[PDB]
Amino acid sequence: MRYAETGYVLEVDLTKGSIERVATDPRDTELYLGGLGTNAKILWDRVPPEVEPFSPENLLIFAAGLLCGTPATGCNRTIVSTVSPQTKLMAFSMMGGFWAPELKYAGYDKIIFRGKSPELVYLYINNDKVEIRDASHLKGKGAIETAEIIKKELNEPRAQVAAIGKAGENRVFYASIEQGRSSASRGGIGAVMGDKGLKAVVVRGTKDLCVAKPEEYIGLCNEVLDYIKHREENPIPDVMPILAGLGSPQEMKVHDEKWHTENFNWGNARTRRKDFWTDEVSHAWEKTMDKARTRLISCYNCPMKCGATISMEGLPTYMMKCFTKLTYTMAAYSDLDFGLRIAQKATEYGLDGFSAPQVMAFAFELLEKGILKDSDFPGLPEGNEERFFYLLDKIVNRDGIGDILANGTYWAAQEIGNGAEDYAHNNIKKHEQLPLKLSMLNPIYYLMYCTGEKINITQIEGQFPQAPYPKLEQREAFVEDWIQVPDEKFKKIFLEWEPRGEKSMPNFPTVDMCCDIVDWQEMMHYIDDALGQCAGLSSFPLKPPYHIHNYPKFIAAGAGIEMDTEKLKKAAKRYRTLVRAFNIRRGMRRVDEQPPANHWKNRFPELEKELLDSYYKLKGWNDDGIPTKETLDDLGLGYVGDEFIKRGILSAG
């Protein structure tokens, strides 16, 4: 038999209403592992570059990670993949909670949607029984609201529902998919779902999910739980609480937000407020947070409880974790109470809480500069808060000016013209970045911003510390029990790294050290996204319970395939390279791989050129960022190299 994976996918043609269960090729598991990797294989060989994001031939894939549904702590992620309407590159998007384990218990690893339904429908899965249901009665309803109505309809209180809100139905380019306290948030995956006329995917599963080596697997799981206990008794010394332990950023538990409010830019990634965090602010936001927070709650099979139910007076309850706590507050120069209220609305509409606040702040800078007129904003209230609420509603309905803003800052400015493009100053590959505008070029971060296929900095960093300790003795204490490094050299790099002097950035770590660090950090993210493992226990925090040394053991005990540390590094390199190839085939080149012009005050063009040159070399790519025929062949990706040649992307010899 197969283990850990169920070995089956659902193929759904929404145009025809046909549904088919199909066995998967076990060879694909050995090569590409699962989750993101096998999504990338499917997209490569079924979605050629002439396919547009809202064409019926675009695929929307829901994948459960390889080890989802097994007893591994926190292994519960869904990976949604499609071609993004905003970036026109691959979009993959991760969702925690309970949905991917339920799909596994129902018997499936993926659902693959093609075509478009003429009428709004939802898909209903209960073990072997799969059917398309009319959803016209749900038109416009919020994503959580929709889940609750369906569960009552079907009499399935234990079913897990992934749904879009009105923003997804109206194809907003940053519409999300929502499931309880979890969100596939970014790249427009909710827009593609809405385009296909798909309101929700409802699943219930009550079958067994088997692992290959039972005692060895549960053994590894217990070792993880012991490490979690110990790690939480030993936060990283001198690191802020939101980042000192395990989990997603622990923003729902911590009230102190000095680091965020004083180092991140307010407005349209525009304004540093150096001394924002006063006594009055601290006490006022703590009062808001204490009243609003109902309970800290976990995803499936995890003790970390990063998320929270949030209850604002007069508003339905919703669920929140991590940075959207602050993004609306900050984009609108407001307070935490405003943040939590508008986030309720935006969560039900199903909007990305990273891009949406910046699109609205971008808007008001245009209105401000006069590039947009007051006549483009019919009935625009006086109050600033009320203006954000107003504009939110115009956007999710693609109404008038909202119709342009619904396309994101890149497309909206391009459409608007009149120097509007100057104010879309925070994009990479057409995708909004974190609102961070720092002083000194950071050579590690430079590489991650340029090359990251998620195009989001919080989803490629983590395993190497963000900053050096001032004192050698702190560095010695840190590297002491740092078992997660692939190689001793990572300890030595951190030991020499200093905040100031000849061993400080941008000149140290060296170019070769920076490439190695970025490669290791990224690799861990790709491994998480194939297995379904929450990055909260792996690739995101310092010193995680899951790492490159025990992951191969989880894969071998769980899935019953051969795995060791080298084979795993190579598998991660393989589908990370395949994701790169897919974007190359869609037109991406070195030219696209540059951070915003104003991202650092101090730039070093010769050093930046040498970093990207060396990093491409490490990856085994062209100096145009294309994977070479040699490295493709070595990875078992010869078919990619053959197609590159045939398409003129690579030159034969």
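Sequential numbering from 1, following the sequence displayed.
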Can you tell me whether 614 to 622 has a higher mean C-alpha B factor than 58 to 66 in this record, or the other way round?
614 to 622
Please compare 635 to 643 with 19 to 27 and name the stretch with the higher mean C-alpha B-factor in the deposited structure.
635 to 643
For the C-alpha B-factor as written in the entry, point me to the maximum among 410, 122, 108, 540.
410
Per the deposited entry, the peak Cα B-factor within the set 303, 378, 532, 157 goes to 378
Where does residue 331 sit by CA temperature factor within its chain: lowest, middle or highest third?
highest
What third of the chain does residue 41 rank in for C-alpha temperature factor, lowest, middle or highest?
lowest
By the record's CA B-factor, is residue 402 among the lowest, middle or highest third of residues in the chain?
highest
Relative to the other modelled residues of the same chain, rank the CA B-factor of residue 591 and answer lowest, middle or highest third.
highest
Lowest, middle or highest third - CA B-factor, residue 261
highest
